[PDB]
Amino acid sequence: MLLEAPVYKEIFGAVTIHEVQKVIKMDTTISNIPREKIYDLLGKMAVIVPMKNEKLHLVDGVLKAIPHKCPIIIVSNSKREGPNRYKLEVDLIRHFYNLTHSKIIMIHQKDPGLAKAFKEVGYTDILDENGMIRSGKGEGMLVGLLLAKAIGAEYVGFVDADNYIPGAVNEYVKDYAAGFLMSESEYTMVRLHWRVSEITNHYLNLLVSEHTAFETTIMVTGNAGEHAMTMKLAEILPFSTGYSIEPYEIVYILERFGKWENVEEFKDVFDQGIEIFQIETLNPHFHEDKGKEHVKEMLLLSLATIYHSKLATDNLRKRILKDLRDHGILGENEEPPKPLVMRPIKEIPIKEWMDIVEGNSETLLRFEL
């Protein structure tokens, strides 16, 4: 694969944010990551696919696009009765495995065996009030992260299921790989790119240029649904609820590692640094339209995340408030609610959590994995 070389970038504390790189030649001042090495790192990377009532044909399409050596981890939160939508997914995953023999782990987000392993090990941030796993994409992604960890993955990749272009999924995974192959740190994150988006980036760069007195544009993925991390970084990041999860990754990292304070706590991260790559994909971004109400909830908690940043300023908040209010989304004297943030899965006795899950969960399916 040929890419523009990571020539430029910006540096806040121990965080290196690279300028967006375009893919130049999809298959082989310019960087050259060969196919053999990409396809090579690939087997150490688990691709997590958060699923929810998605259409079976798009799901199938996405599944077929993941390169065979990537272990696939699926976490559905689909309607489970009237009709049992999950069973419909179980049927497809079973047919898919018979026709491909792809290594796949799948589980439902609301499975009682999951809530039990979480209570037992003392991790409660992911539970609703009834002690059941809370609905949300970040919530399912977190579960995916522990499963990927339970199988000893070094890198994790997220890809959505409502994609009209299987081919784009195939490129996302290879783009992640190249993103880690161009990295020098053990703590690396690769985010991808192709209005919610633009609005979130606008305020994210604003979040930074308020202290630096220089308006910036560096961040173009504040809202990347498609992204990836080295298990090492993923385990120390606290994760936010539902759709607020990718924006918060950025906000938390800047907040915690953008200055040199409390370095003794993360001595190794501060030394190696955090590297964030932003790769522009060749294939267009095309999802199922989920409707206007859905587009408004996302906008809401992605902007609420920036609003509560301990980095947000007087001015940053009002500008948000205004927009958030004159688009029929926030009260005229209402402040956006603080999105719930869950703690870093790090401290969890993984294999022990894995055996409680493995010995009490009715929805867990494993295939050569």
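Just count from 1 along the sequence shown to find any residue number.
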Between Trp194 and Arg195, the number of deposited residues left without coordinates comes to 10 or more
Unresolved deposited residues in the interval that joins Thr28 and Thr29: 4 to 9
Which is higher in the entry, the mean Cα B factor of 171 to 179 or that of 78 to 86? 78 to 86
Averaging C-alpha B-factors over each stretch, which comes out higher, 329 to 337 or 46 to 54? 329 to 337
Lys310, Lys64, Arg35, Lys69, ranked by C-alpha B-factor: the highest one: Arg35
One of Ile348, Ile17, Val20, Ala14 has the largest Cα B-factor in the entry, namely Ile348
Tell me, lowest, middle or highest third: where does the Cα B factor of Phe158 rank within its chain? lowest
Chain-relative C-alpha B factor for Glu265 (record values, thirds): the highest
Looking at the entry's B-factor column for C-alpha atoms only, identify whether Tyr123 ranks in the lowest, middle or highest third of its chain. middle
Chain thirds by Cα B factor, record data; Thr188 belongs to the middle
Can you tell me whether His227 has a C-alpha B-factor in the lowest, middle or highest third compared with the other modelled residues of the same chain? lowest
